[PDB]
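One chain comes next, on its own, written as structure tokens: the form deposited in one PDB entry.
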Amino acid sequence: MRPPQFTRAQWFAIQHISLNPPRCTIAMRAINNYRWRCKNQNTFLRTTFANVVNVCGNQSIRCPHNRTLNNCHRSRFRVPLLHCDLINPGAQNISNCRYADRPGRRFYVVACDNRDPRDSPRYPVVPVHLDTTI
């Protein structure tokens, strides 16, 4: 459940965009604050919001994880990433979750939609979901 105070685009940036992320255990705290249980896995794309918006404006394709949607877009280049892996599953409380940091590099596929009235008018079309990385 995305917290109502944030638009889909804002929650996407909070969960998946970070050029220079801190350790996973630290970065994930803000995200787990709004959940019932700690997130098992989360990926941060080391790029800028502006760059993802550009990927939105390219060739459209069916979303791999949900082919009924023809609103996905694949990046042209592989981008560095930071995978955050949960260490204590079901174990420790949602207050003391620790993560392992794991670097990676690949293409990403995002679903994009029309901006929310609360979003910046500068970007008519914005990224709202990370479908997968290849």
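So that the term is clear: the rigid core is the largest set of C-alpha atoms that superpose within 1.5 Å between two forms. The first residue of the sequence shown is number 1, and the count goes up from there.
A.B. asks: Take the C-alpha B-factors listed in the entry for 115-123 and for 9-17, compute each mean, and give the stretch with the larger one.
C.D. replies: According to the entry, 115-123 carries the higher average C-alpha B-factor.
A.B. asks: Which is higher in the entry, the mean Cα B factor of 53-61 or that of 100-108?
C.D. replies: 53-61 has the higher mean C-alpha B-factor.
A.B. asks: Return the residue from 86, 28, 91, 72 that has the highest Cα B-factor in the entry.
C.D. replies: Comparing C-alpha B-factors across 86, 28, 91, 72, the top value belongs to 91.
A.B. asks: Divide the modelled residues of the chain into thirds by Cα B-factor and specify which third, lowest, middle or highest, holds residue 95.
C.D. replies: CA B-factor rank for residue 95: highest third.
A.B. asks: Sort the modelled residues of this chain by their C-alpha B factor and say whether residue 39 lands in the lowest, middle or highest third.
C.D. replies: Lowest third of the chain for residue 39's C-alpha B-factor.
A.B. asks: Lowest, middle or highest third: where is residue 67 by C-alpha B factor in its chain?
C.D. replies: Its C-alpha B-factor, which the entry lists for residue 67, ranks in the middle third among residues of this chain.
Just so it is clear, the following notes concern the form deposited in another entry, a form of the same protein that is not shown.
A.B. asks: Superposing on the core, which single option in 37, 74, 83, 106 has a CA shift of 2 Å or more between the shown form and the other one?
C.D. replies: It is 37; the other listed residues stay below 2 Å.
A.B. asks: Could you tell me whether the Cα atom of residue 92 shifts by at least 2 Å between the shown form and the other one after core superposition?
C.D. replies: Yes, residue 92 moves 2 Å or more.
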